[PDB]
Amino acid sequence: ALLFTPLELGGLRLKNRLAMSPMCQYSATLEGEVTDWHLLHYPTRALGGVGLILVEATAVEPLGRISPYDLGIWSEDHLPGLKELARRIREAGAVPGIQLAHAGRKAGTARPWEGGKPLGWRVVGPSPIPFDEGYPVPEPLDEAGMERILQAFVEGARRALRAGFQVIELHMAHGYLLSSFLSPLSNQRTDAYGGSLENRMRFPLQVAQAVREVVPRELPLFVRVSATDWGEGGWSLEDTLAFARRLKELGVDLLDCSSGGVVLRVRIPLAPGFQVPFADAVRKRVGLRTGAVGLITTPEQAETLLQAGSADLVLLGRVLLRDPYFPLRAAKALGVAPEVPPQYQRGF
């Protein structure tokens, strides 16, 4: 089974092709600290059998947070907690990765279960266009503000490596900051950072290159993207192919192919594996390795898309929230001897 054949990326080898997708837990302290919630939540899935865990979106500056309880990585005082987190993940069998994030014009909303309303922070973005009815109007970054954010990703990456994380993902998807620079739905700038495809890719590619610089080649660098925003006149799969080419030229290791999030009022044809065609096109047409994500819930489904050459890595989100030992069941269903803790062998 390809699902449980090791994968080479950078200079490391994942034990299998299943990854835990980044998933915001809104359970950090107001200072962005790791809490007991993360220390239970993540190593459970590591024991569960994924080769890699990508820790949820972690804000590279305070105003880059989604909620006031996001993980943050903007301070060296985040190190002890992040270190302990990576350590407990590796102890339970998985490679610890982390997604570095900046929430752009969508910064500052309550936790989903606290209503999730905007908190009205002073949020930044490409253009002064609110995300939707009732969001604050983003402040448009100038070149100085972009350099400061770019430097926060760089130090965030340095900090993640020092914490012992081995895979870094840059969040350039879902209408957060770097996503919103790519899409012409959110980015209507008339300077050298909007209009043309190159102008819109500029800042995101600068971040990728600046982070590639401080992440040694043996350590894989992912970039997650919305391969389409699903809007008319929006960012399309073809734009994604152009972007992947540039990323591949910068030495980026894998493109984690998501979609949507840039604006709210589009129709998104949800179905199992609906974003798989995006991982498949990039992979086959650009030669950049891809991660597939979106309604992947079945071992046979994961296997099949790998057998098809659609992706190199299968990322799982919601199924690992409800079924955190999924990957041990998966192995068994694909005729593979699952990696069970000896304490649990009588159960499998």
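Position 1 is the first residue in the sequence shown; the rest follow in order.
63-71 and 290-298 differ in mean CA B-factor, and the higher of the two is recorded for 63-71. The stretch 322-330 shows the higher mean C-alpha B-factor when 15-23 is compared against 322-330 in the entry. The entry lists C-alpha B-factors for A208, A242, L264, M172, and the highest of these is at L264. Of the candidates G164, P272, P220, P269, the PDB record gives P269 the highest C-alpha temperature factor. In this PDB entry, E31 carries a Cα temperature factor that places it within the highest third of its chain's modelled residues. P130 sits in the highest third of its chain by CA B factor, as recorded in the PDB entry. Among the modelled residues of the chain, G104 sits in the middle third by CA temperature factor in this PDB entry. When all modelled residues of the chain are sorted by CA temperature factor, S183 is found within the middle third.
In the deposited entry, the Cα temperature factor of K83 sits in the middle third of values across the chain's modelled residues.
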